[PDB]
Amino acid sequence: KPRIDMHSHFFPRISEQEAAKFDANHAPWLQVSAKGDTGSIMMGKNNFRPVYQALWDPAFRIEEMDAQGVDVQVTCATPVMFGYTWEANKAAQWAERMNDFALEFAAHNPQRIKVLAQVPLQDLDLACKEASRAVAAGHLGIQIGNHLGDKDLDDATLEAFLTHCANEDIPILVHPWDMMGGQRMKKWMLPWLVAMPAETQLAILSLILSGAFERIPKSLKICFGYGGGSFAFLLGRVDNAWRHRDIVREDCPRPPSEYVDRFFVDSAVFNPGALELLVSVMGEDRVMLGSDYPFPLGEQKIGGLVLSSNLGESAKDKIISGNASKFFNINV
């Protein structure tokens, strides 16, 4: 039964001078070492993130895919690539480049590497153009940040985007980015451990409590990275809020727990017990295998947590294969 990892990232071959053509210092580019096994993602003239070959080089990535026993990998842009804050034409031009770079990457092996597209999400019209064009060009769906500055997914622009994709049977993966906190989580990767889960939970709850799921067609295929943050665990607090205060219930007609059937989440939660609570809340039909490859905080043995757990026979195949197969309509 072919293992599918749906959460993985790539970054293309962009030079410093090319990035500068979009933005002096907000546009990302890749610095590769001369040997070319290691390198670093660069913000203007500034070190952003240390990385290795599997991120840019498809040939290298394929061996590591064999090594982990991963047949098909659905990879997407690095959240830093989004450029949601720039001028729309510059960001729309950017997204066409990146999504093409992505097809170029997967040309190496169409059968085993699948790509998701990015969109200039600050401008609804250019975003809908890109979403459609890129799926036409071969992408299996779209990856978007969880918020545009102070605009959460409850915002009419982000709804109208999701409504678009639902109507065109385009699947969406939502990745947290540009985390809250300001000047509080500077040390020990706290952004990744505190805010990122809260960001994702806020994404989920923005749709639930705003009554977004009532307005959006039930045919939308939407997924949340990293086990939907800390949603599942705090769900009971949400339901309690919903029942005992009216301002929590105004725009939401059903108990918030009833909306678990309207979205998906991936398996990356790094704990046996958290995974078992996840499947208790989400159901075996709504969890997919994501690893966050090939970043240091991604599950280093892909499928490790799932394959070693004590869940259904059917359920295990579902999470590692069955669910991701329908969701992205990959040829099984």
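All residue numbers are counted from 1 along the displayed sequence.
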Mean CA temperature factor from the deposited coordinates, higher in 316-324 or in 20-28? 20-28
Using only C-alpha atoms and the B-factors in the entry, which stretch averages higher, 217-225 or 101-109? 101-109
Going by the CA temperature factor in the entry, name the top one among 237, 254, 164, 139. 254
Determine which member of 65, 287, 268, 297 has the highest CA B-factor, using the values in the deposited entry. 65
Give the position of residue 263 by CA B-factor within its chain, expressed as the lowest, middle or highest third. lowest
By the record's CA B-factor, is residue 280 among the lowest, middle or highest third of residues in the chain? middle
Which third of the chain does residue 146 land in by C-alpha B-factor: lowest, middle or highest? lowest
By the recorded C-alpha temperature factor, relative to the other modelled residues in its chain, which third is residue 178 in? lowest
What third of the chain does residue 134 rank in for C-alpha temperature factor, lowest, middle or highest? middle
